[PDB]
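First comes the structure, then the notes that go with it.
Values below: every heavy atom of this structure, side chains too, minus hydrogens, waters and symmetry copies. A note on names: the letters A, B, ... follow the listed sequences, proteins ahead of strands, and every chain is numbered from 1.
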Amino acid sequence: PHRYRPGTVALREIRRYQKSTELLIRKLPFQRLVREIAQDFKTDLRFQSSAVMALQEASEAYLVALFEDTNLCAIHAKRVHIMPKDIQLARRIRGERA
Amino acid sequence: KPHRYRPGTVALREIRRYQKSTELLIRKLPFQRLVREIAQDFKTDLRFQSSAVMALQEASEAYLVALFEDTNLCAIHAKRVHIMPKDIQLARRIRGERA
Amino acid sequence: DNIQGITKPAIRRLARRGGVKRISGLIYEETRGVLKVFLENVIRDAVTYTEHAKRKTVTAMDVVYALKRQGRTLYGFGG
Amino acid sequence: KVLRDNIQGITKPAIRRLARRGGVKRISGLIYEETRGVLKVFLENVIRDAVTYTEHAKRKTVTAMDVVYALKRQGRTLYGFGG
Amino acid sequence: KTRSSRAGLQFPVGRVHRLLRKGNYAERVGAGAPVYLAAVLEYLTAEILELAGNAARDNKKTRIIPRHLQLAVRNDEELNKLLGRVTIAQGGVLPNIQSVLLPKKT
Amino acid sequence: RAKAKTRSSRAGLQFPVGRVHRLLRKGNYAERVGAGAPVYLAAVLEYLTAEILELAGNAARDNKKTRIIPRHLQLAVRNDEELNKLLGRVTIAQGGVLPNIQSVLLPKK
Amino acid sequence: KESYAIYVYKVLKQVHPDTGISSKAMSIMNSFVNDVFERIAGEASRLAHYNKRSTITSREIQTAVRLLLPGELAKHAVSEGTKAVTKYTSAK
Amino acid sequence: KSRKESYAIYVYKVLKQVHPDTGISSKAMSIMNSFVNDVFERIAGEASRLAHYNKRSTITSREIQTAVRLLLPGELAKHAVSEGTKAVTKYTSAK
DNA sequence: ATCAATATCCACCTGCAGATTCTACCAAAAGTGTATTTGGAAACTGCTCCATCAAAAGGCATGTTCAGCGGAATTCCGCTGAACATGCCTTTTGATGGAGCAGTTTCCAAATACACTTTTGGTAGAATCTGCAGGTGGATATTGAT
DNA sequence: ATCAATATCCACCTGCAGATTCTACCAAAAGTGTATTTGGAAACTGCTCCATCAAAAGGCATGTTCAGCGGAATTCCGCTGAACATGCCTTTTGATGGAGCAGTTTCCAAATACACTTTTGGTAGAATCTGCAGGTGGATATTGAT
């Protein structure tokens with residue numbers, strides 16, 4: 001009849017993922033996405049596996065850092081839950097928007 | 001019987017007014033002494049072309065105006081209308097001027 | 001669709017490395033959209049270096065050069 | 001003549017005007033000192049590079065071009081004016 | 001005949017070819033390179049001048065000033081993007097007040 | 001000896017001066033490249049390389065490892081104010097991030 | 001000192017025959033052309049080196065233009081470039 | 001198969017002076033290689049601009065020095081400058 | 001404070017994917033020496049434009065009073081995220097033809113390098129021309145008090 | 001909702017600073033025409049390493065239950081800013097000494113340009129070695145229920 005409170009698990013997850021460096025999105029799904037998007041720019045393309053990897057590393061590192069800024073925006077609004085408007089603010093201030 | 005504009009009516013009047021014009025908003029000589037002071041602390045005996053000073057002023061004012069827009073967006077995010085130092089700080093942290 | 005291949009648990013894992021403690025339900029589709037815009041900008045440029053070199057295979061270097069002009073320099077595949 | 005405290009030459013009314021151009025409606029009293037601090041850092045980095053270009057060319061005069069190159073270095077390109 | 005007329009251009013192909021050489025961009029510069037580049041430059045200045053001239057017109061003016069150039073650039077998605085890190089001296093900004101800051105309700 | 005002392009040995013460097021010169025030339029950076037330039041440049045590159053490895057090596061020792069991996073390059077760079085600034089817009093593959101949780105997010109206690 | 005002024009002025013007359021331009025605006029237009037030239041040339045320069053090419057041709061310039069300009073401007077810039085080279089090429 | 005030049009052996013040399021008993025993984029060497037190339041291009045680019053700004057055809061050690069002061073953060077620039085001055089001095093003062 | 005269920009640590013163990021070691025071949029470098037060339041420092045100096053003092057005046061900063069009202073503090077509670085254990089559908093891992101990425105050879109369209117001829121963009125300074133800043137006044141909102 | 005107080009919009013008017021119009025010189029371009037050199041498209045080809053497939057592996061989808069977040073409503077304190085009086089100090093029109101930027105000619109330290117020789121960093125195939133990633137056990141801290 002034991003249960004961990006919300007937040008205790010989250011916190012241990014943060015500890016865990018800030019300790020490791022492995023990729024966090026699965027490879028095949030990511031690969032399919034990369035190929036689908038590229039097909040819109042030019043058909044019948046091949047990818048060096050190192051190219052998909054470079055893409056996954058840059059994408060994850062890009063998203064992790066965006067989540068850091070998103071968190072600072074949620075916190076600025078006195079919240080602990082990040083929301084879409086937090087991401088939007090961060091992007092807008094970043095110039096990816098204005 | 002008296003008369004008084006409400007807090008906010010004047011602000012909006014001013015925003016419209018300044019977003020409409022393009023002249024520099026900081027007094028000229030004060031800004032020039034400021035540039036001369038900071039420069040001097042880096043290297044003594046420097047002269048400045050008057051247009052180098054005007055160039056720094058156009059760039060500084062553009063930087064500050066754009067920074068306040070972002071600051072404004074951070075205050076609004078926190079459901080406020082008053083910008084505070086922490087809005088300016090959040091904006092600069094996100095911009096990477098110290099993130 | 002495929003973008004749904006990027007799952008809630010993986011998006012959640014990214015958020016955790018970012019120090020995020022609590023997550024709203026609408027974050028997942030928001031993330032996917034941002035990820036897609038990111039890949040589109042970068043892949044577009046990578047594919048443009050590929051075509052320029054007259055290849056049919058996108059190389060690590062094409063990606064690296066693309067990340068660099070997007071101001072997102074990446075070390076480790078050359079750069 | 002010694003130059004001191006010129007950062008106070010950036011008055012409260014001038015800072016308010018800049019915030020109006022930036023669309024700001026209400027301003028906390030602490031904004032003025034925070035902004036002066038921000039301007040100072042900004043001017044320090046640009047003048048630092050502008051003066052480095054001046055010295056490299058062996059000049060005693062900072063030119064509009066020196067400032068324009070310093071702004072471009074920092075990703076704040078400026079048009080017209082030297083700049 | 002000038003290379004600019006041969007190409008049907010207003011911008012100076014000769015000058016651009018020379019600027020290409022003195023800028024040390026490569027050991028060699030093909031003959032088409034400067035023609036193409038001059039065409040592209042002429043095209044972008046036509047685009048911005050079309051838009052700035054229109055802004056001058058909306059403000060009842062015959063002479064384009066920095067502010068008309070800024071209005072034309074910030075009001076155009078793509079030009080705004082190409083010049084996203086550029087500051088036009090004496091251009092000011094685009095009139096724009098956040099919704100939440102306007103008075104009353106409804 | 002074997003009369004032919006490489007430029008690097010003359011300058012007292014581990015980095016390749018001949019290579020750096022060659023690279024400055026074939027890079028279209030200028031019409032000419034003075035003799036001192038590649039020397040100065042090689043020394044700067046070697047210095048910065050020593051600087052990061054020194055710190056990355058310590059980062060490895062602290063984890064009881066003898067082999068520097070990407071993770072150790074990332075910890076060394078992001079924990080040094082200056083290297084972090086110089087590499088502020090760089091992503092080191094497989095480097096991860098610095099352990100850091102927002103104060104306001106820790107347990108109520 | 002050379003400038004693109006007389007050329008900017010010719011294009012202005014083609015798009016707005018009765019509009020003039022202040023010297024400051026002209027100076028901004030001159031910074032713009034120089035800026036675009038350098039950016040396009042830089043991209044072309046790197047493009048050549050990445051491909052071990054010692055020559056910059058209309059082909060690198062075109063790729064540089066596609067990498068540098070936003071969608072609709074790229075399309076029209078490319079058409080104008082292509083057209084000027086095709087015409088120039090049939091003239092002699 | 002064509003040659004692929006890299007700074008890896010000189011990076012390894014430097015590693016041994018600094019930490020004789022420490023090794024480096026392949027992926028880490030690749031990161032250091034990218035690092036050297038990135039710094040090289042950034043410094044060369046700024047020196048290039050510097051010579052062009054001053055209408056000079058030559059990139060000398062003087063341009064490398066100013067490029068360095070413009071690019072590196074305070075203290076790093078301080079040491080990097082002395083390291084470079086030292087090697088040029090050592091180079092000149094010799095046969 | 002007292003267990004009870006877990007999560008976290010640490011010391012030890014060892015199989016192997018990845019790193020270190022020795023040999024051998026060689027095009028590509030890098031060092032060296034001679035001959036020719038030149039970029040740019042030095043010395044002289046024309047002339048722009050930067051620093052500076054002068055003086056007059058009103059635009060605009062400063063300092064005070066006083067009231068409007070935003071925003072933090074506090075209580076309340078709807079309902080959304082998060083924990084958790086159930087069941088398998090997708091991703092991961094390793095074996096395999098073949099598409100191209102590259103290495104190599106050929107040779108011509110196209111790019112230097114060189115000697116003249118000719119056209120033009122700059123600019124020096126004259127002048128003349130003209131859009132609009134800026135002061136003025138009055139029709140038209142937009143607000144604030146009631 | 002009618003009023004009064006004010007700010008804003010706006011077309012008309014004119015002195016004038018900034019602008020487009022030149023006459024005339026021209027150093028520097030830019031163009032014309034061989035002569036010489038060569039970068040890189042094109043065709044052919046060997047070895048990678050990429051796309052595809054099947055079997056083994058393990059992370060994700062799903063629904064119930066409920067802690068607890070954070071927006072809604074309420075309150076009131078104290079800061080912000082409108083209004084206003086006062087007077088400084090910026091702005092502006094001027095003029096002047098001379099620092100120091102920049103044009104010009106002189107000339108050698110240093111860079112380019114082959115040509116010949118030595119060394120070296122990179123690649124390939126084989127053999128041997130090892131740091132540490134996962135795995136186990138057992139201790140003990142941490143968290144949640146009472």
Margin query: For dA139(I), give the paired nucleotide (Watson-Crick: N1-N3 plus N6-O4 or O6-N4; G-U: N1-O2 and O6-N3; both under 3.5 Å), or none.
Written below: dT8(J)

Check: For atom P, what is the distance between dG59(I) and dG134(I), given to the nearest Å?
Finding: 12 Å

Item checked: Integer angstrom distance from the P of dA4(J) to that of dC77(J) -> 39 Å

Notebook entry, point to check: Under 4.0 angstrom, heavy atoms only, what part of the nucleic acid is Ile6(G) near: base, sugar-phosphate, or nothing?
Noted result: sugar-phosphate

Check: Hey, does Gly34(F) reach any base, or is it just sugar-phosphate, or nothing, if we go heavy atoms under 4.0 Å?
Finding: sugar-phosphate

Item checked: Same-atom distance (P) from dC13(I) to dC129(J), integer angstrom -> 22 Å

Margin query: Classify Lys104(E) by what it touches in the nucleic acid, base, sugar-phosphate, or nothing, heavy-atom distance under 4.0 Å.
Written below: nothing

Checklist line | Distance between P atoms of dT86(J) and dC10(J) (Å, rounded) | finding: 37 Å

Check: So which one's nearest nucleotide on DNA chain J is more toward 5', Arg32(F) or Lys4(H)?
Finding: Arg32(F)

Note to self: Once you apply a heavy-atom cut-off of 4.0 Å, does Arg4(B) come out as touching a base, just sugar-phosphate, or nothing?
What the structure shows: base

Notebook entry, point to check: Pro30(B) near the nucleic acid: base, sugar-phosphate alone, or nothing, with a heavy-atom cut-off under 4.0 Å?
Noted result: sugar-phosphate

Check: Contact class for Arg25(F) vs. all strands (heavy atom < 4.0 Å): base, sugar-phosphate, or nothing?
Finding: sugar-phosphate

Next item on the list: Identify whether any heavy atom of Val13(E) sits under 4.0 Å from a base atom; if not, whether one sits that close to sugar-phosphate; answer base, sugar-phosphate or nothing.
Entry: nothing

Next item on the list: Specify the residue among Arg47(B) and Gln4(C) whose closest nucleotide of DNA chain J lies further upstream toward the 5′ end.
Entry: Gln4(C)

Notebook entry, point to check: Can we say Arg59(D) and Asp66(D) salt-bridge, meaning some charged N sits less than 4.0 Å from an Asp/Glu carboxylate O?
Noted result: yes

Next item on the list: Walking along DNA chain I from 5' to 3', note the first and the last nucleotide with an atom under 4.0 Å from a heavy atom of chain B, and give both.
Entry: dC50(I) to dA145(I)

Check: Parallel, tilted or perpendicular: which describes the rings of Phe15(F) and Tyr10(H), with under 30° parallel and over 60° perpendicular?
Finding: tilted

Next item on the list: Between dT143(I) and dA67(I), how far apart are the P atoms? Round to whole Å, please.
Entry: 24 Å

Next item on the list: Kindly write out the residues that satisfy salt bridge (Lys or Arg N to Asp or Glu O under 4.0 Å) with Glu51(C), not counting sequence neighbours, or none if the list is empty.
Entry: none

